[PDB]
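Residue numbers (the authors' numbering), protein chains in the order written: chain 1, 9 to 226; chain v, 2 to 176; chain 4, 10 to 159.
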RNA sequence: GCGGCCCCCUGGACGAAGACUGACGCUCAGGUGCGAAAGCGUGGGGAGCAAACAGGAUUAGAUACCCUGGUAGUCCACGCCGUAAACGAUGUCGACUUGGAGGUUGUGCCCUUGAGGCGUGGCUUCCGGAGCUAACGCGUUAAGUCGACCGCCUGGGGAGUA
RNA sequence: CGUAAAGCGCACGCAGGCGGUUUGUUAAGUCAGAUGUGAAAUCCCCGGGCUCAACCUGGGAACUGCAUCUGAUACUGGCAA
RNA sequence: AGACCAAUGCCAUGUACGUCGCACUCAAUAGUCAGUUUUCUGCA
């Protein structure tokens with residue numbers, strides 16, 4: 009709701025002509041996003057995104073670059089929602105089938121880990137198995153309790169996370185992206201011209217989104 | 002109607018704060034994506050849901066089902082009383098699936114579709130009719146159903162819903 | 010009401026280290042009989058696995074066609090790779106009279122009585138791809154009147 | 001195709017502002033001109049290089065590759081020839097259609113507060129979007145989207161031969 | 001017609017083909033109608049006779065053309081500005 | 001970096017790729033009519 013405070017746009021380099029409607033674009037070789045265009049765009053994204061959030065849907069924040077972590081873990085986990093913060097595996101939506109059995113192995117190995125037989129029979133293989141829980145835990149972290157493929161997708165950079173956008177367009181999932189002036193509005197259904205790599209901007213930004221996901225009529 | 006926003010004068014002030022002349026005025030044709038239908042549910046999504054649901058039905062894996070009596074199954078963590086309720090007919094199925102005459106492959110797909118539909122429509126109880134066969138759908142289908150994570154419990158259907166030729170199935174739904 | 014039919018099976022080869030290895034490719038088209046046409050390619054090591062992968066890919070990837078009463082609407086030309094294809098609505102111009110591998114897609118497409126004549130290449134894998142492209146960019150009088158106002 | 005420097009005679013291109021003519025334009029079969037190199041004719045020149053040629057090697061042989069010599073030729077004047085993988089293997093002229101990084105040559109504006117900032121032309125290089133393409137790739141210098149006129153193609157060989 | 005066959009080695013240019021934009025006139029091309037002709041048979045259509053059919057046959061359509069007259073003037077051409 | 005390395009009878013190659021099934025039986029409701037006369041029957 010609050011006016012974007014401190015980002016005003018970025019990316020002098022590799023700017024994309026399809027971002028030409030969103031650029032004010034003056035200072036010191038770098039491009040300034042027209043935030044007077046961003047505010048209606050971002051309010052629309054909060055509108056439809058709250059609309060699917062009230063229908064009891066799953067949202068899947070996507071935060072692979074740094075420092076979108078742990079800001080996407082903090083914002084998704086502040087809601088009762090899901091996230092990807094480390095490397096987004098190629099095909100966790102379009103073959104979720106195979107990713108379902110990897111999530112199943114993460115559940116079986118944490119149940120085996122903190123409760124069952126973890127000290128049993130070996131030290132070396134037990135260390136091997138625990139670092140399998142680090143690898144499967146940081147890759148399949150947020151998505152491990154989803155149990156479906158989600159009803160929307162909220163990516164924090166459109167060019168850095170083009171794979172996830174390409175799959176959610178492949179599957180008919182609404183993509184909500186904060187694009188920058190280098191990115192491309194591929195199949196992003198609700199584009200938001202913003203700043204992808206400022207931590208102030210993405211914490212303000214995810215703060216608003218996580219605010220409207222759990223917003224409660226009460 | 003225009004959404005509430007900072008005043009135009011305020012926007013101009015933001016423009017004033019912008020260091021330098023600080024104005025970008027490139028004009029280009031603008032294309033806006035059509036708004037998604039409220040109903041949604043595109044056939045492709047449905048097909049995808051079906052495929053996802055049927056993915057669990059393996060011919061190689063055989064869950065241990067009770068060999069004594071009418072066919073029944075309860076998923077670990079679900080109250081055993083649910084199977085009893087199915088037997089007594091406490092649950093009235095809202096969806097009916099007829100598998101009789103289908104190949105195994107077709108049947109798996111239809112079962113997947115049924116489960117997807119139950120989830121989508123928040124239907125908790127469905128009836129699956131497989132007919133009577135030896136080493137056929139009548140035997141293979143319960144095994145496939147058990148392997149599905151959304152299947153909570155099933156029991157031989159009461160006579161009113163097909164008896165020994167049908168199953169009542171309880172499906173886990175997000176509400 | 011699925012109405013599947015196979016057009017072409019071939020034996021392709023690979024030429025590994027020790028001799029050659031022979032694989033089989035199917036090419037099928039399914040369709041309900043009222044628009045809704047799909048094709049699938051599918052390739053496997055034996056013929057029934059190939060046709061099954063082809064049907065399974067063809068049941069998805071299925072396209073709507075805006076039919077007329079039982080036929081096309083206006084004459085349409087679809088091209089794909091080297092394969093140029095003409096079609097003409099033939100307002101009850103009886104019987105589907107199309108080339109091979111075009112008769113099948115037009116048959117399960119639900120159209121009954123058009124006139125065709127494929128030109129150029131007439132490889133079956135590209136003469137469909139030039140019938141769907143074709144039937145895809147054929148639009149109806151309620152779509153043209155939707156576009157241009159009335 | 002043109003590579004030291006200088007003079008003389010001379011062709012074109014591009015840019016800036018303004019003036020003038022007023023469709024005078026585009027393409028072009030036959031026709032005419034120019035057209036690398038080798039070659040030919042007449043007369044010069046001839047250092048290097050070098051077909052031919054000779055010798056030495058190498059080799060089974062070596063009319064070759066390698067070595068040592070070496071004539072025409074290459075150089076100049078005038079005339080002929082009239083061809084090349086004469087190739088961006090892409091005819092000429094015009095119009096339209098997202099971009100990025102350079103090079104080169106003009107010109108305008110702004111504190112020129114420097115080897116700057118903002119534009120606007122001409123030619124050119126690399127990469128790529130849509131589109132096209134059998135593919136490879138082309139991609140505002142198109143092989144995209146069109147128009148005008150010309151040239152040429154129609155299976156391989158025989159044969160670009162008689 | 002880059003690489004499959006196919007862009008003259010490159011230009012200049014005659015005859016030829018094509019030609020920005022506005023107004024007026026003409027009406028040659030173009031279009032509309034009319035008239036004369038386009039033989040009959042044959043093809044096509046609707047009927048009729050051979051027991052049916054082939055066949056024969058009545059009427060029409062057609063013969064996509066040409067010529068002349070009457071108009072229309074948007075485009076192309078001619079002429080004037 | 002940069003010696004020297006020539007040639008390799010005659011044929012046809014293939015069979016060969018076209019797909020399925022199930023069933024079943026247990027019960028009501030023949031016939032039965034009548035039954036002397038009365039009456040104390042713990043108490044606060």
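We treat Cβ as the ideally placed atom computed from N, Cα and C, and that holds for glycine.
Annotation: residue 220 (chain 1) is outside any beta strand (DSSP E); the continuous alpha helix (DSSP H) that includes it extends over 207-221.
When beta bridges are read from the DSSP output, residue 46 (chain 4) appears opposite 40 (chain 4), 72 (chain 4).
Below 8 Å, too few C-beta pairs join the segment 10-25 of chain 4 and the segment 105-118 of chain v to call them touching: fewer than three. Boundaries of the alpha helix (DSSP H) around residue 170 (chain 1): 170-179. The C-alpha of residue 76 (chain 4) lies about 13 Å from the C-alpha of residue 96 (chain 4).
Taking C-beta atoms as the reference points, residue 51 (chain 4) and residue 59 (chain 4) count as a pair closer than 7 Å. For residue 31 (chain 1), no alpha helix (DSSP H) run applies, since DSSP gives it neither H nor E. Assigned with DSSP and collapsed to three states, residue 52 (chain 4) falls in strand. Identification of chain v residues near residue 69 (chain 4) by a Cβ-Cβ cut-off of 8 Å yields 45, 48, ordered along the chain.
In this structure residue 137 (chain 1) touches residue 117 (chain 1) by the C-beta definition: roughly 7 Å separates them, less than 8 Å. For residue 149 (chain 4), DSSP records no beta bridge to any residue.
For residue 127 (chain v), no CB of chain 1 lies under 7 Å from its own CB, so it is not counted at the interface with that chain. Under the DSSP assignment, residue 144 (chain v) falls in the alpha helix (DSSP H) whose first and last residues are 138-147. Residue 111 (chain 4): not part of any alpha helix (DSSP H); DSSP gives it neither H nor E. At a cut-off of 7 Å between beta carbons, residue 35 (chain 1) contacts chain v. Neighbourhood of residue 20 (chain v) in chain 1, by CB distance below 7 Å: 35, in chain order. The way I'd put it, the segment 60-78 of chain 1 doesn't touch the segment 26-33 of chain v; fewer than three beta-carbon pairs between them come closer than 8 Å. Scanning the segment 47-75 of chain v from its first residue to its last, the whole beta strand (DSSP E) runs of 3-plus residues come out as 73-75. Chain v places no beta carbon closer than 7 Å to that of residue 151 (chain 1), leaving this residue out of the contacts. Within the same chain, Cβ atoms closer than 6 Å to the Cβ of residue 168 (chain 1) are found at 73, the five residues on either side in sequence being excluded. Rounded to the nearest whole angstrom, the CA to CA distance from residue 154 (chain 1) to residue 67 (chain v) is 31 Å.
Listed along chain v are 25, 27, each with a C-beta nearer than 8 Å to that of residue 31 (chain 1). 147 (chain 1) is the residue among 185 (chain 1), 205 (chain 1), 147 (chain 1) whose C-alpha sits nearest the C-alpha of residue 99 (chain 1).
Within chain 1, no residue has its beta carbon less than 7 Å from that of residue 106 (chain v); the closest one is some 17 Å off.
At a Cβ-Cβ threshold of 7 Å, residue 96 (chain 1) and residue 185 (chain 1) do not count as neighbours.
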